[PDB]
Ligand SMILES: CCCC(=O)SCCNC(=O)CCNC(=O)[C@H](O)C(C)(C)COP(=O)(O)OP(=O)(O)OC[C@H]1O[C@@H](n2cnc3c(N)ncnc32)[C@H](O)[C@@H]1OP(=O)(O)O
Ligand SMILES: CCCCCCCCCCCCCCCCCC(=O)O[C@@H](COC(=O)CCCCCCCCCCCCCCC)COP(=O)(O)OCC[N+](C)(C)C
Ligand SMILES: CCCCCCCCCCCCCCCCCCCC(=O)O[C@H](COC(=O)CCCCCCCCCCCCCC)COP(=O)(O)OCCN
Ligand SMILES: CCCCCCCCCCCCCCCCCCCC(=O)O[C@H](COC(=O)CCCCCCCCCCCCCC)COP(=O)(O)OCCN
Ligand SMILES: [Zn+2]
C-alpha cells in the first residue's frame, strides 16, 4: 500500500475518534424516568374524559339535580 | 463424466417437476391411477452411463436383473431370476453361454478388500442353477455346477469343471480337464472325453431352448388377462 | 370430460381466486 | 470511517477462503470421499499461498498497522470494527495458514471414516484463528477466540483415541471459558471509561495506575490460563494428549500462542 | 426357537449379510460380516465383531463367539480376529451404504408406468 | 500437579458442585405441601426483611446475617 | 359437474400436457441414458412347447413365481415368491398340501448322462425350504427338504425322510425313511424322532394356512388396495380416552384382522 | 454487489435444503419448493431492510422527544 495515504487515514480515525467518543455516552445518561412524565398528555386521560361524563347519573353533585 | 452427472442430476430436477405437474393435472380431473403400486423392476438397468449391452440374439428372461456395464454375447441366455450386477467393475458374458435360473454373477461392491475384479465368462459356458460367481474368470467350454460358489480371483481354465455345490476359495486356479468339488473345492478326478462332448452339446441344446423361451416371452401380452385383472371384484 | 367432485371444484376456484387476488394486491400496492 | 485498503490481496478474502470451502463441503455427499479430500486440501493450500503473498507486500519500516481495512456493523456507525496486522502478528497468520493443510494431510489415510466433518471443523478453526490474529478490537478478539472452543471441543471429543477424551474435552472447554469470561469482564471495564473497544484508540488513552493494575489482573486471568502459567496448566496435558494428532498440532502450535499474543497485543502496551 | 428365546430375526447395525444367504430366526449382533451363500438357522446367534466365511452353515441354536472367524458346513472355529480386522467391519457396512446411495438416486418418488397402463387401457377402449 | 492443584481445582470443584447439585435437586421433593410451604416462607421472608428491619438493627448486623446463612450449609 | 367441471377438466388437460413435455425435456437433458421403466412382462404362468401348467383352484402362486410348461400342482399347495418351476423338456408334478418356499428352483432334464431319465416328482404334504434346488429327482410324501439344499438328478427322498439345510445330495442317492442326511456331500446323520415327524406334518399344515393370507393379499384389486391403505392408516393409532369421552368404541375392520390359525398363539 | 435480494434468496434456498436434510430427504427433493423459498427469502430480506430504516426513523423522533423532556429540567 501507499505509505503516505496509509499513515493519513490513520490520523483521521483517531482525530475523529477522540472527538467522537462523547456522543454515545450521553444516551447512557438519559433518565429512564423523564422529568414530569405524568405531565405528558398520554397520562392525563382522566382529566379530559371525566368532564365529559360529569353530568352522568351516579357521579353528580346532589345539588345539580335540585337546580336543573 | 462430472459434467455428464451434473446434467443427469439437473435432468432429474426437471423430470421430477414435470411428473408432479402431471399428477396435479390428473388430480384436477379426479384421477388417482398414479397411486397404483406398479413394479419398478427393469430387466436392464443403467447406473448413470454404465448400461447393459445385450446382443440381439441373446435371451434375457424378463424377471432377470442386469445392472450396470454388462456385456452379453450372441446366442447366450440369461434365465429366470438371474442377477448380474457390474457397477464397481464390469461383467462380460461370451457367445453361446447359458446362465441358469436364479444364478448370481456380480462383482465386489466395495474396494475395501482391494481392487475390485471384473467377472469374465467365456464362450459356450454352462453356469448351473443358483450358482454364485463373484469377480472370477470362467474360460471357454467350462462347466460350473449348479449351486456352486466361485470367489474373486478364481480362474476356471478351459474344459475345467466345478462340481455342483462346490466352494472355490479366493484366487484358486482350476486346471483344465479337472473336476473340483466340495467345501473347500479340491481336485476330485480328471474329466473324461464324454464329459467334454456333453459340455458342448448341453450348451448348444441351451441355445435352442433359449430360442424357444424367447419366442414364448415375446408374444403379445394377453388383453383378456388385463381385462380380468381390471374388472376384479 | 368433466370433474364431478363439486367441493373439489369449489376449492380449486378458491385457490385460483387467492392466487390472482394476491397478484393484484401486490400490483396495486 | 471507511478504512478500505488499496492493495488487492487483503485480509477479508483470506478470511473468506476457508469459509467458502466449508460451505461447499456442507453439500457434497459423504460417498464422494475423493472430492471432499481434494476440495479441503486445495482450499487450505490456496489460503497458505494467499498468506505468503500478504508477507510479500509487508512494509517493514512503519510502526503503524498495515493492510488496515474496516467492516461496518451498524448503520449508526457507533460500533465499527477494523482488521490489520503488524510485525508481531504477520508470522502467526502465516503459521496458522501453513499448519491447517498439514492437519488435513495427517488424516488423509483415515478420511473415509473421518468424513467431511473433520475437514469442515479444521477449516472453521482456520477461519476463526486467522480472524483472531487479525483483529484490532478487544471485543472481537474476545468473540472470535471463544468461538474456536466449539470446533476444538468437537475435534477432541469425536476423533480422540480413548474415553479419557471426554474428561479432556470438558476440562479444555471449562478452563478456557473461565479465562475468557474474566477477559470479558476486563473488556467491559475498559468500555465504561473509553466508550470504545478499538485497539488504536486504547493505545492512545491514559489509564490510572490503580485501574491499570486491576485491568492488568483481569487480562492476566485469561492469558495465564491460555499460556498456560502454573497452577492453571493442568488442563493442557490431558487435552493435548487425548486429542487426535491434527487436533494436538492445532492446540500446541496455534491455540497456545493466543495467550502470549494477548500479552503482546493488549496487556504490555 | 429351540433355545426358548424369542424367535424374531434381528439384524443389528453395521451388519453385512453376504449375497445368497438364508436367515431364519437368527440374531446377528452389531458389526458382523456374513459370507456369501451362508445359512443361519433357528435360534442361532452371531456375537458382535465376528465373521462367517462364505458357504458357512450354522445349525439351530449354535453360537458364533465374539471376535472370531468361523466357516464350514457345519461352521467351525478358524481363528481369532485381529483388532484391525474388527475395525474394518463397520467400514464395509458404510461403503455398501455409499454404493446403495447411487442406486437410490436413480429412482424418482413416482414411476411413469401408470401412463403406460393408461394407453394400454385406451387402446382397448 | 496431581495433588493439591487437582484437589483445589477440577477434582475438588467437581466433587463439591456434584454434592451441591445433589442437595438442591432433593429440595424438589415432589410434595405439593413443600412447594406451598416454600412460597409461604418466601412471603414471610419478604415481609420480615424488607419492612420489619427497622428496630432490628439495634441487635443485629449484616455480617452475622450472611455468615449464619452460609454456616447453615454445614449442618448434619 | 357442469361448465365449471368441464373448464377445470380442460385446464387439467393443459397441465398434464405441460408436465409430460417437461418430463421429456428433462429426459433429453440426461442424455437419454436412463432406461425407462415399462409395463411388467413377467408371466406367472406360461406355456412352452404347447404345454400348459395344470394348477388347482386353491393353489397360492405368488405373482413373482415362474410356472412354465408341463407343470402340475395339486390341491392346497403353495408356490412362493421368486420360485421357478420350469417344466419345459420334461414333466414336473407337485402333490397336494405341498409348499415350495421362496426363491426355490425346480427343473428337469431331457436326457441324463446314464440310466433312465425321470421327471421331477414332489409328493403330498412336502415341505421344500427356501432357496432349494430340486433337479430331476423324486421327493415322496411327508418328506422334508431343508432350506438351501440341493438334490441332483435321480435322487430319491423317501417318505418321512429329511434332507438337512445346506446339503448337497449327489446324483442317484437314496435317503431312506426315518433318516436325516446332511452335509456336502450329503450323508447319514441320525434317525428322525417321532416329534420330528410331527414337526414335518405341522410344517406342512402351517404353510397351508399361511398360503391363504398371502393369496388373499396378492389377488386384491387397485380399489381394494386403496381402501385397505386408508383403513390401515386410520386404525394404526388410537385415542381410547377421547373415545370414552365420546362414548364410542372403535372396532378394527374385519379386512385388517388375520385368521386365528396364522397367529402365534 | 451483495444486495438484500441475493442474501435473502440464498437464505431461502438454504432453508428449503436444511428442511429437506432435517427430514432425511434428498437436498433437491421438491425443486419448485426451492424456487418458492428463494422468492420468499428475497422478499423477506428486502422488507427487513426497509423496516430497519423505518425503525431508525421512528427511534430518532422518539429520542428527540426524550431529550426535550430531559432538557426541560434545566429551565
Ligand atoms: C414353520 C416352518 C416350517 C419350515 O418350513 S422350516 C424350513 C426352513 N428351515 C430349515 O430348513 C432348517 C432345517 N433344520 C436343519 O437342517 C438342521 O440342521 C437339522 C438337520 C434339523 C439338525 O439340527 P439338530 O438336530 O439341532 O443337529 P444335531 O443335534 O443332530 O447335531 C449333530 C451334528 O450334525 C451337525 N450338523 C447339524 N446340523 C446340520 C446341517 N444342516 N448340516 C450339516 N451339518 C449339521 C452338527 O454340527 C452336530 O454336531 P457335530 O457335527 O457332530 O460336531
Ligand atoms: C398449457 C399451459 C398451462 C400450464 C399451467 C401450469 C400451471 C401450474 C402451476 C402449478 C400450481 C401449483 C399449485 C399447488 C397447489 C396444488 C393444488 C392441488 O393439489 O389441487 C388439489 C387441491 O386443490 C385445492 O384444494 C386448492 C388449490 C387449487 C388451486 C390451484 C390449482 C392450480 C392449477 C389451476 C387450475 C384451475 C384453473 C381453472 C379454474 C377454473 C385438487 O384437489 P384434491 O385432489 O382433493 O387435493 C388432494 C390433496 N393434495 C393437495 C395433497 C393434492
Ligand atoms: C490467587 C490464587 C488464584 C489461583 C487461580 C484460581 C483460578 C481458578 C482455578 C480453578 C479453575 C477451575 C476450572 C473448572 C474446571 C472444571 C473441570 C471439571 C470437568 C471434568 O473434568 O469432569 C466433569 C466433572 O463433573 C462435574 O460435575 C463438574 C461440574 C462443573 C464444575 C465447573 C465449576 C467451575 C465454576 C468456576 C469455579 C471457579 C470460580 C473462580 C472465580 C464431568 O464429570 P461427570 O462424570 O460427573 O459428568 C458426566 C460426564 N458426561
Ligand atoms: C415457479 C416455480 C415455483 C412454483 C411452485 C408452484 C407454484 C406455487 C404454488 C405454491 C407451491 C408451494 C409448494 C407446493 C408443494 C407443497 C408441499 C406439497 C407436498 C405434499 O406433501 O403434497 C403433495 C402435493 O403436491 C404438490 O403440492 C405440488 C402439486 C403440483 C405443483 C408442482 C408443479 C410446480 C410447477 C413448477 C414450475 C412448472 C413449470 C411449468 C409452469 C403430494 O405429493 P405427490 O404425491 O403429488 O408427489 C410427491 C412426490 N414426492
Ligand atoms: Zn436344469
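Residue numbers (the UniProt record's numbering), protein chains in the order written: chain E, 17 to 84; chain F, 2 to 234; chain X, 75 to 103; chain V, 2 to 270; chain Y, 129 to 253; chain S, 590 to 665; chain G, 1 to 265; chain H, 2 to 76. C-beta: ideal position from N, C-alpha, C; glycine also.
Within chain X, partners of residue i - CB distance below 8 Å
i	result
residue 4 of chain G	83, 87
residue 9 of chain G	75, 76, 77
Proximal residues of chain H, C-beta to C-beta of residue i below 8 Å
i	result
residue 14 of chain F	29, 32
Burial state of residue i (16 or more Cβ within 10 Å)
i	result
residue 143 of chain V	buried
residue 53 of chain G	buried
residue 43 of chain V	exposed
residue 53 of chain E	exposed
residue 623 of chain S	exposed
residue 47 of chain E	exposed
Closer than 8 Å to chain V by CB, residue i
i	result
residue 611 of chain S	no
residue 658 of chain S	no
Residue interval of the alpha helix (DSSP H) (run including residue i)
i	result
residue 96 of chain V	91–107
residue 52 of chain H	32–72
residue 140 of chain Y	Taken as a continuous stretch (DSSP letters only), residue 140 of chain Y belongs to no alpha helix (DSSP H), as it is neither H nor E.
Start and end residues, beta strand (DSSP E) containing residue i
i	result
residue 135 of chain G	133–135
residue 98 of chain G	Segment: none, residue 98 of chain G is in no beta strand (DSSP E) and carries neither H nor E.
residue 205 of chain Y	204–208
residue 250 of chain V	Looking at the DSSP string, residue 250 of chain V is not in any beta strand (DSSP E); the run it does join, the alpha helix (DSSP H), is 246–251.
CB contact below 8 Å: residue i versus chain G
i	result
residue 9 of chain F	yes
residue 102 of chain X	no
residue 159 of chain Y	no
8 Å Cβ cutoff, residue i in contact with chain Y
i	result
residue 101 of chain F	no
residue 110 of chain V	no
residue 183 of chain G	yes
Proximal residues of chain E, C-beta to C-beta of residue i below 9 Å
i	result
residue 234 of chain V	The premise fails here: residue 234 of chain V is roughly 39 Å from chain E at the closest Cβ pair, so nothing lies under 9 Å.
Within-8 Å CB hit, residue i to chain F
i	result
residue 148 of chain Y	yes
residue 212 of chain Y	no
residue 238 of chain Y	yes
Listed by chain order, chain F residues near residue i by CB distance under 8 Å
i	result
residue 232 of chain G	Ordered by position in chain F, no residue passes the 8 Å Cβ test against residue 232 of chain G, which lies about 14 Å from the chain.
residue 103 of chain G	82, 103
residue 46 of chain G	217, 218
Interface residues of chain E facing residue i [CB-CB closer than 8 Å]
i	result
residue 21 of chain H	Here the premise fails: no neighbours, minimum Cβ distance about 45 Å.
Within-8 Å CB hit, residue i to chain X
i	result
residue 29 of chain F	yes
Cutoff 8 Å: residue i Cβ touching any chain A Cβ
i	result
residue 202 of chain V	Chain labels in this structure do not include chain A; the protein chains are E, F, X, V, Y, S, G and H.
Any non-hydrogen atom of ligand 7 within 7 Å of residue i CB
i	result
residue 607 of chain S	Absent from the structure shown: ligand 7. Ligands present: ligand 1, ligand 2, ligand 3, ligand 4 and ligand 5.
Closer than 8 Å to chain S by CB, residue i
i	result
residue 164 of chain V	no
Within chain Y, partners of residue i - CB distance below 7 Å
i	result
residue 150 of chain F	164, 165, 182, 183
Contacts of residue i in chain V (Cβ-Cβ under 9 Å)
i	result
residue 110 of chain E	The structure shown does not extend to residue 110 of chain E, since chain E is modelled only from 17 through 84, so no value can be given for it.
Within-8 Å CB hit, residue i to chain E
i	result
residue 47 of chain H	no
Hey, is the stretch 78–94 of chain F in contact with the stretch 59–67 of chain F, meaning 3+ C-beta pairs nearer than 8 Å?
yes
Per the contact definition of three or more C-beta pairs closer than 8 Å, is the stretch 146–159 of chain V in contact with the stretch 117–130 of chain V?
yes
When the Cβ atoms of the stretch 122–137 of chain F are set against those of the stretch 90–104 of chain F, are three or more pairs found closer than 8 Å?
They touch, by the three-pair rule.
Does the pairing of the stretch 22–30 of chain G with the stretch 3–23 of chain F give three or more beta-carbon distances under 8 Å?
A contact exists between the stretch 22–30 of chain G and the stretch 3–23 of chain F.
Measuring CB atoms only, is the stretch 19–30 of chain F touching the stretch 3–23 of chain G, in the sense that at least three cross pairs come out at less than 8 Å?
yes
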